[PDB]
Amino acid sequence: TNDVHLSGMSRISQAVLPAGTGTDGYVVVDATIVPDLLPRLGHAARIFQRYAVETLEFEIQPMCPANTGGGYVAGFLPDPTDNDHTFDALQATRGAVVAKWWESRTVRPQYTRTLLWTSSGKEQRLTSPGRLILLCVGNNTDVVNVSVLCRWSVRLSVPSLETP
Amino acid sequence: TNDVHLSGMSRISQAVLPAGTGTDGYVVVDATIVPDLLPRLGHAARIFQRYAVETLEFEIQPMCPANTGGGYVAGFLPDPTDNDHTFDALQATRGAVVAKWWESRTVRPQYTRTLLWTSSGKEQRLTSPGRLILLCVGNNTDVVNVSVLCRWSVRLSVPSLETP
Amino acid sequence: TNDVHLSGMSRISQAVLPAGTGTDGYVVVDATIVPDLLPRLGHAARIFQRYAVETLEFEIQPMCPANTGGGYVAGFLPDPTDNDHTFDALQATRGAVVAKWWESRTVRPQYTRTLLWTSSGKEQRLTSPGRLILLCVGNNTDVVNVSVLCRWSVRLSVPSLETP
Amino acid sequence: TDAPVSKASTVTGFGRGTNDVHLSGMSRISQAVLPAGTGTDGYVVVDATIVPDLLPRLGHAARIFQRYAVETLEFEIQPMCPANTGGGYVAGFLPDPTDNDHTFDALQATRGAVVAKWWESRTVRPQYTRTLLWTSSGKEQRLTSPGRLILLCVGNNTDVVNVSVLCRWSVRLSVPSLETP
Amino acid sequence: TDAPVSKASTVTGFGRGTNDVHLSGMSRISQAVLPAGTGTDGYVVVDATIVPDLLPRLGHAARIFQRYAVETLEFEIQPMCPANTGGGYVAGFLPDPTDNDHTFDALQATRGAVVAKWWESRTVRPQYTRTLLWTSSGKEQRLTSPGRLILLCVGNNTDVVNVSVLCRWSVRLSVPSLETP
Amino acid sequence: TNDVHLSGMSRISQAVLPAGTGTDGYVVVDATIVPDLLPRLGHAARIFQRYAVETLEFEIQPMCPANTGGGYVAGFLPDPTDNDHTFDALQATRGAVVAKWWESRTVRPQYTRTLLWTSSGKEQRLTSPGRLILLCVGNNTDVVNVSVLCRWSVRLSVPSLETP
Ligand SMILES: [Ca+2]
Ligand SMILES: [Ca+2]
Ligand SMILES: [Ca+2]
Ligand SMILES: [Ca+2]
Ligand SMILES: [Ca+2]
Ligand SMILES: [Ca+2]
């Protein structure tokens with residue numbers, strides 16, 4: 001059948017937060033989940049027209065010394081159009097996490113499994129499952145290298161050969 | 001088995017043989033069948049390590065006036081390492097065809113079904129099912145534009161992110 | 001029967017990363033998994049001709065203070081010939097991990113269970129399941145002593161007595 | 001039937017040659033002569049990589065096929081010397097064409113290895129892959145050869161030794177083609 | 001078992017190779033190109049004595065056998081030229097390898113001879129002996145070849161003519177040996 | 001039970017007895033049967049701690065002219081500690097053979113099937129099933145070259161990495 005099931009785990013974001021610039025509410029990461037953001041899924045969506053996100057998980061992997069103060073709040077807004085970047089908006093989303101800067105965590109988001117479009121278009125809601133937003137909570141004492149990883153699983157349909 | 005089955009038709013070769021240059025035995029098309037040669041299988045092998053050829057057929061679709069002279073012989077050598085490019089080598093193999101330049105033909109070859117490698121290596125026998133050769137039979141009279149297409153079906157395995 | 005099942009856990013790599021030299025993308029570990037790299041499996045493959053890797057896991061055990069910044073990305077390329085040493089290439093592999101320098105992790109790779117050859121030869125793909133690559137992510141503040149361990153399980157066949 | 005601009009080609013049976021041929025035979029893969037005293041322990045009397053070229057009729061048959069599978073493979077060490085000859089031989093078929101280990105222990109480790117005196121003949125019934133091998137040569141010879149037969153001296157030979165190493169082979173050839181060296 | 005002066009030889013399967021092999025195939029026995037005007041009446045386009053050497057796989061197979069019998073023999077005249085070409089050809093298989101008569105009447109006298117236009121393909125179903133022939137060459141070639149296939153022009157060709165002469169052959173090989181040229 | 005069963009034939013001893021030196025009772029071969037004596041079992045015991053002898057047979061294969069004089073007596077003492085090397089000790093044991101120098105014989109001995117230790121220790125009775133002795137009977141006339149081979153089958157246990 002045209003449907004092929006792919007899974008993988010890749011880094012959606014890499015950010016560096018210097019010491020003291022991580023004020024409360026600062027936006028460390030704001031990544032709109034698109035197939036191009038994921039390498040293997042990037043090629044897979046380059047050879048397909050439609051994709052549906054069966055499973056989606058995120059892993060916040062901040063690489064900082066244990067003596068680092070402050071923390072982060074990480075969430076997955078299931079609306080690509082939504083631009084709210086406050087603590088309450090993230091915490092309202094299912095699976096959002098709050099953790100110290102030296103404590104890696106996992107986000108298990110909730111979203112609607114609809115058949116999306118691999119290629120971009122006018123309406124972003126038909127192409128992306130949502131956005132991942134990672135904000136600072138409090139103040140960080142050291143420099144934090146944050147890697148945001150995404151464990152994904154998709155179903156691909158309508159074969160084609162697209163261009164970026 | 002997280003094996004992805006992918007299939008489709010794609011042009012492996014495009015050749016423009018000018019009138020008068022198509023002497024007998026001239027190698028119009030010489031293509032070692034690797035996934036990088038195929039457009040969609042190119043990306044599929046870019047995101048996978050291993051592939052197995054389940055279905056392989058070649059379609060010689062030359063576009064020239066019906067009053068043109070000469071012909072072609074097309075054949076699939078199941079050995080990628082073999083470098084013999086003559087009418088005898090093509091006639092020995094199975095699935096080979098010989099037809100006039102205005103005719104469209106199908107080569108149904110004898111190919112290995114083992115698990116080959118998408119990337120290149122020291123031994124070509126572990127990476128390609130074989131090569132396809134299209135030669136002139138006689139001398140052409142008009143300008144011939146021959147496109148060699150391939151209906152292929154593969155099974156892909158061992159996810160990765162390869163480079164050209 | 002000739003088939004004997006062996007398992008074990010041994011250190012494939014020992015590396016020392018001084019303070020500040022662990023720049024992002026630096027290659028800490030690049031080990032081609034061969035039976036000689038594993039002591040007990042080294043002797044076992046010295047008394048056999050063929051081996052098949054039934055189970056393969058890796059444990060990254062970096063020994064550094066909790067106040068160490070930066071991290072690592074560890075992966076198992078299931079292609080011994082592949083020489084890509086970038087973050088995306090590792091992350092595309094199944095089971096790849098990203099972690100802080102003071103956080104031990106485990107890699108559960110995916111690979112094709114084919115009957116390999118214990119002794120070396122021209123084509124490396126017939127002798128090795130792949131390579132383990134461990135790269136730096138960000139900058140390390142302290143000195144990191146990294147031990148890369150491999151928990152393996154093999155099936156051995158075709159008895160012989162080989163020499164190194 | 002009207003006259004067309006061009007008629008369709010009428011070549012029908014093209015690319016339909018025979019695919020499988022079973023070929024059996026027996027041939028001398030080696031012949032060695034040893035003057036007295038030369039056959040010290042460990043001396044390599046015979047070292048022959050079993051390939052279609054080594055067997056003449058199989059070589060000619062493999063020149064017109066792409067792949068071959070060894071259905072049957074057996075060897076005979078037939079030394080034609082009297083019973084007053086001292087010393088002996090060890091013979092074994094290494095299933096790895098690449099391995100070049102030439103010792104008593106390496107041969108004895110293999111299945112079917114024989115240790116005999118120079119006035120005794122033996123049959124080596126070895127362990128060989130049944131998988132399809134390539135008739136033509138390539139970069140890796142593990143895809144083209146089932147292995148190599150090795151024959152060493154165990155002790156010093158008192159007299160001259162004439163040893164002939166024979167092979168009964170049965171093969172199935174497949175994927176017809178026309179190979180050239 | 002007492003120790004004798006010498007033991008009997010234990011070579012058993014020697015001289016027991018395969019005797020009969022049926023080999024079939026199809027090959028181009030000739031290829032000719034004719035520029036405009038050269039193909040006058042009676043011009044000998046093709047003159048090929050059908051021997052195992054003419055057929056490559058059959059040549060290699062006959063190098064390891066002594067005798068062969070032609071079970072099936074058919075020829076195809078396949079001229080790859082347009083329908084606007086003038087002239088024609090006569091094709092026939094003379095069952096006598098020695099006869100070198102190259103005329104229209106000599107070819108037409110034989111059974112299965114075909115007369116066609118240059119834009120028409122024909123199949124020659126000839127008359128050939130089923131008796132055992134010798135794979136290797138000798139003084140008299142009537143014992144080694146079933147005959148010769150001959151192809152002449154009937155009229156002047158207006159355009160260039162490319163003609164390929166093919167052969168479907170089936171043979172049974174017997175009396176195994178190892179021939180050398 | 002992660003017990004590895006390994007078997008094969010290997011030469012335990014190679015002796016060159018020159019003509020005239022083979023007086024009656026001369027100890028041609030004296031070998032305490034330990035896994036280090038066997039070539040392939042050498043590596044097998046190098047990667048294991050304990051072994052149990054399931055099958056043990058010795059093959060005396062002397063290579064000499066049929067007109068040579070004298071003979072040999074071969075026997076397996078089931079006690080490694082025993083130091084009696086005489087015809088009487090060999091004739092007392094079971095499985096012993098006596099034959100002319102041109103004859104090839106098989107000693108099927110009486111050996112313990114308990115779990116012995118691959119390494120050496122204070123007590124030899126916990127490490128070896130016994131010893132094999134090959135003695136001269138009479139005086140030889142020609143130079144004798146005797147190889148003592150052993151068909152052995154063992155069960156190995158308790159993985160380790162031993163030293164010579
Ligand atoms: Ca699209
Ligand atoms: Ca690769
Ligand atoms: Ca080997
Ligand atoms: Ca070939
Ligand atoms: Ca002859
Ligand atoms: Ca020990």
# chains A, B, ... in the order shown; residues from 1 in each chain; ligands from 1

$ residues_near_ligand --ligand "ligand 2" --cutoff "7 Å" --atoms "only C-alpha atoms and all ligand atoms" --output "PyMOL selection string"
(chain B and resi 49+117-119+162) or (chain C and resi 79+81-82)

$ write_last_selection --atoms "N, CA, C and O atoms" --output "tab-separated table (two decimals), in the first residue's frame"
chain	number	residue	atom	x	y	z
B	49	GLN	N	19.61	2.57	5.17
B	49	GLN	CA	20.90	1.93	4.94
B	49	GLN	C	20.84	0.77	3.96
B	49	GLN	O	21.73	0.65	3.12
B	117	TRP	N	23.22	-2.84	-0.12
B	117	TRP	CA	23.54	-1.64	0.65
B	117	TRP	C	23.29	-0.40	-0.19
B	117	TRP	O	23.67	-0.34	-1.36
B	118	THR	N	22.63	0.59	0.42
B	118	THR	CA	22.32	1.83	-0.30
B	118	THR	C	23.58	2.62	-0.63
B	118	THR	O	23.70	3.18	-1.73
B	119	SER	N	24.52	2.69	0.31
B	119	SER	CA	25.76	3.42	0.10
B	119	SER	C	26.70	2.63	-0.81
B	119	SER	O	26.48	1.45	-1.10
B	162	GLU	N	22.17	9.31	5.11
B	162	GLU	CA	23.36	9.20	4.29
B	162	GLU	C	23.65	10.52	3.58
B	162	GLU	O	22.88	11.48	3.64
C	79	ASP	N	26.65	0.88	9.44
C	79	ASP	CA	27.47	0.75	8.25
C	79	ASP	C	28.93	0.94	8.63
C	79	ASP	O	29.34	2.07	8.94
C	81	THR	N	31.39	1.03	6.68
C	81	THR	CA	32.06	1.83	5.66
C	81	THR	C	31.74	3.32	5.81
C	81	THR	O	32.54	4.17	5.42
C	82	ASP	N	30.57	3.64	6.36
C	82	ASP	CA	30.15	5.03	6.47
C	82	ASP	C	31.10	5.83	7.35
C	82	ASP	O	31.48	5.38	8.44

$ residues_near_ligand --ligand "ligand 6" --cutoff "10 Å" --atoms "only C-alpha atoms and all ligand atoms" --output "short mmCIF file (atom, residue, chain, number, x, y, z; two decimals) with N, CA and C atoms, in the first residue's frame"
data_model
loop_
_atom_site.label_atom_id
_atom_site.label_comp_id
_atom_site.auth_asym_id
_atom_site.auth_seq_id
_atom_site.Cartn_x
_atom_site.Cartn_y
_atom_site.Cartn_z
N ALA F 45 39.32 -22.23 26.77
CA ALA F 45 39.57 -22.12 28.20
C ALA F 45 40.16 -20.77 28.55
N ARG F 46 40.70 -20.06 27.59
CA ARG F 46 41.19 -18.74 27.91
C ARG F 46 40.01 -17.80 28.15
N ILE F 47 38.87 -18.09 27.52
CA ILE F 47 37.71 -17.23 27.71
C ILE F 47 36.68 -17.83 28.66
N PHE F 48 37.02 -18.90 29.37
CA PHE F 48 36.10 -19.53 30.31
C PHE F 48 36.84 -19.95 31.57
N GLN F 49 36.09 -20.15 32.65
CA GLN F 49 36.68 -20.57 33.91
C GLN F 49 36.63 -22.07 34.14
N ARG F 50 35.51 -22.72 33.82
CA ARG F 50 35.35 -24.13 34.17
C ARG F 50 34.98 -24.92 32.93
N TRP F 117 38.62 -27.13 36.53
CA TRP F 117 38.99 -25.73 36.41
C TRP F 117 39.98 -25.54 35.27
N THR F 118 39.74 -24.52 34.44
CA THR F 118 40.62 -24.27 33.31
C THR F 118 42.00 -23.80 33.76
N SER F 119 42.05 -22.94 34.77
CA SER F 119 43.32 -22.43 35.28
C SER F 119 44.01 -23.49 36.13
N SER F 120 45.27 -23.22 36.46
CA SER F 120 46.04 -24.10 37.31
C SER F 120 45.85 -23.73 38.78
N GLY F 121 46.03 -24.72 39.65
CA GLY F 121 45.86 -24.50 41.06
C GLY F 121 46.76 -25.40 41.87
N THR F 127 41.76 -29.73 38.09
CA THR F 127 42.06 -29.01 36.86
C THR F 127 42.23 -29.90 35.64
N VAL F 158 31.16 -20.37 33.21
CA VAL F 158 31.70 -19.28 34.03
C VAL F 158 32.64 -18.39 33.21
N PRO F 159 32.10 -17.50 32.39
CA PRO F 159 32.95 -16.67 31.52
C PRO F 159 33.98 -15.86 32.29
N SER F 160 35.14 -15.68 31.67
CA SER F 160 36.23 -14.87 32.22
C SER F 160 37.21 -14.58 31.10
N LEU F 161 38.35 -13.99 31.48
CA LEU F 161 39.47 -13.72 30.56
C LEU F 161 40.75 -14.10 31.29
N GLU F 162 41.21 -15.32 31.06
CA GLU F 162 42.37 -15.83 31.77
C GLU F 162 43.66 -15.43 31.07
N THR F 163 44.78 -15.75 31.71
CA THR F 163 46.11 -15.47 31.21
C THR F 163 46.92 -16.76 31.16
#

$ residues_around --residues "residue 23 in chain F" --least-positions-apart "5" --cutoff "9 Å" --atoms "only C-alpha atoms" --output "VMD selection string"
chain F and resid 136 to 140

$ closest_atom_pairs --of "chain C" --to "chain A" --cutoff "8 Å" --atoms "only C-alpha atoms" --output "tab-separated table"
residue	atom	partner	partner_atom	distance
C:66	CA	A:66	CA	5.4
C:67	CA	A:65	CA	3.8
C:68	CA	A:65	CA	5.1
C:69	CA	A:64	CA	4.7
C:70	CA	A:63	CA	5.1
C:71	CA	A:63	CA	5.8
C:88	CA	A:39	CA	7.0
C:91	CA	A:10	CA	5.4
C:92	CA	A:40	CA	6.3
C:93	CA	A:8	CA	7.9
C:94	CA	A:8	CA	6.7
C:96	CA	A:9	CA	7.9
C:98	CA	A:61	CA	7.2
C:99	CA	A:61	CA	6.4
C:100	CA	A:63	CA	4.7
C:101	CA	A:63	CA	7.5
C:138	CA	A:145	CA	6.5

$ interface_residues --of "chain D" --to "chain F" --cutoff "7 Å" --atoms "only C-alpha atoms" --output "ChimeraX atom specification"
/D:83-88,105,108-109,117,155

$ write_last_selection --atoms "N, CA, C and O atoms" --output "PDB file, in the first residue's frame"
ATOM      1  N   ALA D  83      55.317 -47.940   1.095  1.00  0.00           N
ATOM      2  CA  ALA D  83      55.023 -47.984   2.522  1.00  0.00           C
ATOM      3  C   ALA D  83      56.262 -47.826   3.391  1.00  0.00           C
ATOM      4  O   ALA D  83      56.125 -47.736   4.615  1.00  0.00           O
ATOM      5  N   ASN D  84      57.455 -47.796   2.803  1.00  0.00           N
ATOM      6  CA  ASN D  84      58.678 -47.582   3.562  1.00  0.00           C
ATOM      7  C   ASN D  84      58.982 -46.108   3.785  1.00  0.00           C
ATOM      8  O   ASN D  84      59.999 -45.788   4.409  1.00  0.00           O
ATOM      9  N   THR D  85      58.137 -45.210   3.285  1.00  0.00           N
ATOM     10  CA  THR D  85      58.346 -43.781   3.464  1.00  0.00           C
ATOM     11  C   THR D  85      57.945 -43.363   4.872  1.00  0.00           C
ATOM     12  O   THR D  85      56.869 -43.728   5.354  1.00  0.00           O
ATOM     13  N   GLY D  86      58.811 -42.599   5.525  1.00  0.00           N
ATOM     14  CA  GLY D  86      58.514 -42.028   6.822  1.00  0.00           C
ATOM     15  C   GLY D  86      57.879 -40.658   6.675  1.00  0.00           C
ATOM     16  O   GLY D  86      57.962 -40.029   5.626  1.00  0.00           O
ATOM     17  N   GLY D  87      57.246 -40.203   7.743  1.00  0.00           N
ATOM     18  CA  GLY D  87      56.564 -38.927   7.754  1.00  0.00           C
ATOM     19  C   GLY D  87      55.086 -39.072   7.440  1.00  0.00           C
ATOM     20  O   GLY D  87      54.571 -40.159   7.174  1.00  0.00           O
ATOM     21  N   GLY D  88      54.404 -37.933   7.472  1.00  0.00           N
ATOM     22  CA  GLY D  88      52.976 -37.911   7.222  1.00  0.00           C
ATOM     23  C   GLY D  88      52.530 -36.536   6.783  1.00  0.00           C
ATOM     24  O   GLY D  88      53.331 -35.610   6.640  1.00  0.00           O
ATOM     25  N   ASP D 105      47.578 -26.816  13.515  1.00  0.00           N
ATOM     26  CA  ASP D 105      46.416 -26.556  14.359  1.00  0.00           C
ATOM     27  C   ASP D 105      45.274 -25.937  13.565  1.00  0.00           C
ATOM     28  O   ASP D 105      44.105 -26.286  13.770  1.00  0.00           O
ATOM     29  N   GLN D 108      43.707 -28.747  11.574  1.00  0.00           N
ATOM     30  CA  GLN D 108      43.040 -29.733  12.415  1.00  0.00           C
ATOM     31  C   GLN D 108      41.762 -29.167  13.023  1.00  0.00           C
ATOM     32  O   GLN D 108      40.826 -29.914  13.330  1.00  0.00           O
ATOM     33  N   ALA D 109      41.703 -27.846  13.200  1.00  0.00           N
ATOM     34  CA  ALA D 109      40.504 -27.227  13.751  1.00  0.00           C
ATOM     35  C   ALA D 109      39.305 -27.389  12.827  1.00  0.00           C
ATOM     36  O   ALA D 109      38.164 -27.432  13.298  1.00  0.00           O
ATOM     37  N   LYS D 117      49.653 -40.983   7.310  1.00  0.00           N
ATOM     38  CA  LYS D 117      51.021 -41.250   6.908  1.00  0.00           C
ATOM     39  C   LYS D 117      51.147 -41.134   5.394  1.00  0.00           C
ATOM     40  O   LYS D 117      50.163 -41.213   4.656  1.00  0.00           O
ATOM     41  N   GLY D 155      55.833 -34.753   9.413  1.00  0.00           N
ATOM     42  CA  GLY D 155      57.191 -35.083   9.793  1.00  0.00           C
ATOM     43  C   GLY D 155      58.086 -35.120   8.574  1.00  0.00           C
ATOM     44  O   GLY D 155      57.623 -35.062   7.433  1.00  0.00           O
TER      45      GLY D 155
END

$ residues_around --residues "residue 63 in chain E" --least-positions-apart "3" --cutoff "8 Å" --atoms "only C-alpha atoms" --output "PyMOL selection string"
chain E and resi 59-60+66+135-136+177-180

$ interface_residues --of "chain E" --to "chain D" --cutoff "9 Å" --atoms "only C-alpha atoms" --output "PyMOL selection string"
chain E and resi 3-7+9-11+13-18+21+23-27+56-57+60-61+63-64+76+78+80-84+119-121+168+178

$ select_by_dssp --residues "range 9-148 of chain C" --states "strand (DSSP E)" --output "PyMOL selection string"
chain C and resi 9-17+27-32+48-63+71-77+97-100+105-107+116-117+131-137+144-148

$ write_last_selection --atoms "C-alpha atoms" --output "PDB file, in the first residue's frame"
ATOM      1  CA  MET C   9      29.860  -6.958  28.341  1.00  0.00           C
ATOM      2  CA  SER C  10      33.168  -5.232  27.677  1.00  0.00           C
ATOM      3  CA  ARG C  11      34.660  -1.784  27.137  1.00  0.00           C
ATOM      4  CA  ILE C  12      35.000  -0.949  23.458  1.00  0.00           C
ATOM      5  CA  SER C  13      36.534   2.448  24.112  1.00  0.00           C
ATOM      6  CA  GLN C  14      38.376   4.493  26.733  1.00  0.00           C
ATOM      7  CA  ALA C  15      38.875   8.195  26.024  1.00  0.00           C
ATOM      8  CA  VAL C  16      40.031  11.232  27.989  1.00  0.00           C
ATOM      9  CA  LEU C  17      38.686  14.666  27.064  1.00  0.00           C
ATOM     10  CA  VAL C  27      34.846  13.118  17.724  1.00  0.00           C
ATOM     11  CA  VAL C  28      35.495  11.613  21.150  1.00  0.00           C
ATOM     12  CA  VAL C  29      35.045   7.974  20.118  1.00  0.00           C
ATOM     13  CA  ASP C  30      35.025   6.256  16.726  1.00  0.00           C
ATOM     14  CA  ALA C  31      35.197   2.478  17.162  1.00  0.00           C
ATOM     15  CA  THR C  32      34.512  -0.069  14.420  1.00  0.00           C
ATOM     16  CA  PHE C  48      35.521 -19.619  14.859  1.00  0.00           C
ATOM     17  CA  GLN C  49      34.950 -18.506  11.272  1.00  0.00           C
ATOM     18  CA  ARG C  50      31.468 -16.945  11.248  1.00  0.00           C
ATOM     19  CA  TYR C  51      29.516 -14.955  13.813  1.00  0.00           C
ATOM     20  CA  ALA C  52      26.093 -13.317  13.918  1.00  0.00           C
ATOM     21  CA  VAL C  53      25.245 -10.475  16.310  1.00  0.00           C
ATOM     22  CA  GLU C  54      21.975 -11.436  18.002  1.00  0.00           C
ATOM     23  CA  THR C  55      21.890  -8.651  20.601  1.00  0.00           C
ATOM     24  CA  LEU C  56      23.873  -5.421  20.762  1.00  0.00           C
ATOM     25  CA  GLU C  57      23.685  -2.618  23.323  1.00  0.00           C
ATOM     26  CA  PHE C  58      26.091   0.135  24.327  1.00  0.00           C
ATOM     27  CA  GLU C  59      26.546   2.015  27.603  1.00  0.00           C
ATOM     28  CA  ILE C  60      28.098   5.476  27.652  1.00  0.00           C
ATOM     29  CA  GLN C  61      29.677   5.888  31.107  1.00  0.00           C
ATOM     30  CA  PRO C  62      31.292   9.351  31.286  1.00  0.00           C
ATOM     31  CA  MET C  63      33.105   9.890  34.587  1.00  0.00           C
ATOM     32  CA  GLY C  71      27.291  16.893  26.676  1.00  0.00           C
ATOM     33  CA  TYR C  72      27.678  14.105  24.162  1.00  0.00           C
ATOM     34  CA  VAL C  73      25.756  12.450  21.356  1.00  0.00           C
ATOM     35  CA  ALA C  74      26.319   8.710  20.981  1.00  0.00           C
ATOM     36  CA  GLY C  75      25.175   6.490  18.150  1.00  0.00           C
ATOM     37  CA  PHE C  76      25.805   3.255  16.302  1.00  0.00           C
ATOM     38  CA  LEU C  77      26.108   3.591  12.545  1.00  0.00           C
ATOM     39  CA  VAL C  97      21.240   9.248  22.649  1.00  0.00           C
ATOM     40  CA  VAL C  98      22.103  12.809  23.677  1.00  0.00           C
ATOM     41  CA  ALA C  99      23.067  13.415  27.281  1.00  0.00           C
ATOM     42  CA  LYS C 100      24.981  15.647  29.658  1.00  0.00           C
ATOM     43  CA  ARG C 105      23.101   6.459  28.999  1.00  0.00           C
ATOM     44  CA  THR C 106      22.367   3.387  26.905  1.00  0.00           C
ATOM     45  CA  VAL C 107      22.161   2.951  23.130  1.00  0.00           C
ATOM     46  CA  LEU C 116      29.424 -12.093   9.450  1.00  0.00           C
ATOM     47  CA  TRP C 117      33.059 -13.174   9.249  1.00  0.00           C
ATOM     48  CA  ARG C 131      30.698   1.616  14.180  1.00  0.00           C
ATOM     49  CA  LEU C 132      30.032   3.493  17.398  1.00  0.00           C
ATOM     50  CA  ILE C 133      30.540   7.251  17.150  1.00  0.00           C
ATOM     51  CA  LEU C 134      30.534   9.503  20.211  1.00  0.00           C
ATOM     52  CA  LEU C 135      30.686  13.250  19.537  1.00  0.00           C
ATOM     53  CA  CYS C 136      30.801  16.321  21.758  1.00  0.00           C
ATOM     54  CA  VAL C 137      27.781  18.629  21.994  1.00  0.00           C
ATOM     55  CA  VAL C 144      35.846  13.907  31.192  1.00  0.00           C
ATOM     56  CA  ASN C 145      36.977  10.283  31.324  1.00  0.00           C
ATOM     57  CA  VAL C 146      34.596   8.434  29.003  1.00  0.00           C
ATOM     58  CA  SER C 147      34.249   4.655  29.006  1.00  0.00           C
ATOM     59  CA  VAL C 148      32.160   3.200  26.181  1.00  0.00           C
TER      60      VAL C 148
END

$ select_by_dssp --residues "chain A" --states "alpha helix (DSSP H)" --output "NGL selection string"
:A and (39-46 or 87-92)

$ decode --residues "range 167-178 of chain E" --atoms "N, CA, C and O atoms" --output "CSV table (one decimal), in the first residue's frame"
chain,number,residue,atom,x,y,z
E,167,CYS,N,20.5,-17.7,-35.0
E,167,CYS,CA,20.3,-19.2,-35.1
E,167,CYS,C,19.8,-19.7,-33.7
E,167,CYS,O,20.5,-19.4,-32.7
E,168,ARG,N,18.7,-20.4,-33.7
E,168,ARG,CA,18.3,-21.2,-32.6
E,168,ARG,C,18.9,-22.6,-32.8
E,168,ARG,O,18.5,-23.3,-33.7
E,169,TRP,N,19.8,-23.0,-31.8
E,169,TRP,CA,20.4,-24.3,-31.9
E,169,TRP,C,20.1,-25.1,-30.6
E,169,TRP,O,20.1,-24.5,-29.5
E,170,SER,N,19.9,-26.4,-30.7
E,170,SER,CA,19.8,-27.3,-29.6
E,170,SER,C,20.7,-28.4,-29.9
E,170,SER,O,20.6,-29.0,-31.0
E,171,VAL,N,21.6,-28.8,-29.0
E,171,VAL,CA,22.6,-29.9,-29.3
E,171,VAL,C,22.7,-30.8,-28.1
E,171,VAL,O,22.5,-30.4,-27.0
E,172,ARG,N,23.1,-32.0,-28.4
E,172,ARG,CA,23.4,-33.0,-27.3
E,172,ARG,C,24.9,-33.3,-27.5
E,172,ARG,O,25.3,-33.7,-28.5
E,173,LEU,N,25.6,-33.1,-26.4
E,173,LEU,CA,27.1,-33.4,-26.4
E,173,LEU,C,27.3,-34.7,-25.8
E,173,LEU,O,26.6,-35.1,-24.8
E,174,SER,N,28.3,-35.4,-26.2
E,174,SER,CA,28.6,-36.8,-25.8
E,174,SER,C,30.1,-37.0,-25.9
E,174,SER,O,30.9,-36.2,-26.5
E,175,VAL,N,30.5,-38.2,-25.3
E,175,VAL,CA,31.9,-38.6,-25.3
E,175,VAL,C,32.8,-37.5,-24.6
E,175,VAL,O,33.5,-36.8,-25.3
E,176,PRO,N,32.7,-37.4,-23.3
E,176,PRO,CA,33.5,-36.3,-22.6
E,176,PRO,C,35.0,-36.4,-22.8
E,176,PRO,O,35.5,-37.5,-22.9
E,177,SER,N,35.6,-35.3,-22.9
E,177,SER,CA,37.1,-35.2,-23.1
E,177,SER,C,37.5,-33.8,-22.7
E,177,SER,O,36.7,-33.0,-22.1
E,178,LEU,N,38.8,-33.5,-23.0
E,178,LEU,CA,39.3,-32.1,-22.8
E,178,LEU,C,40.1,-31.8,-24.0
E,178,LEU,O,41.3,-32.1,-24.2
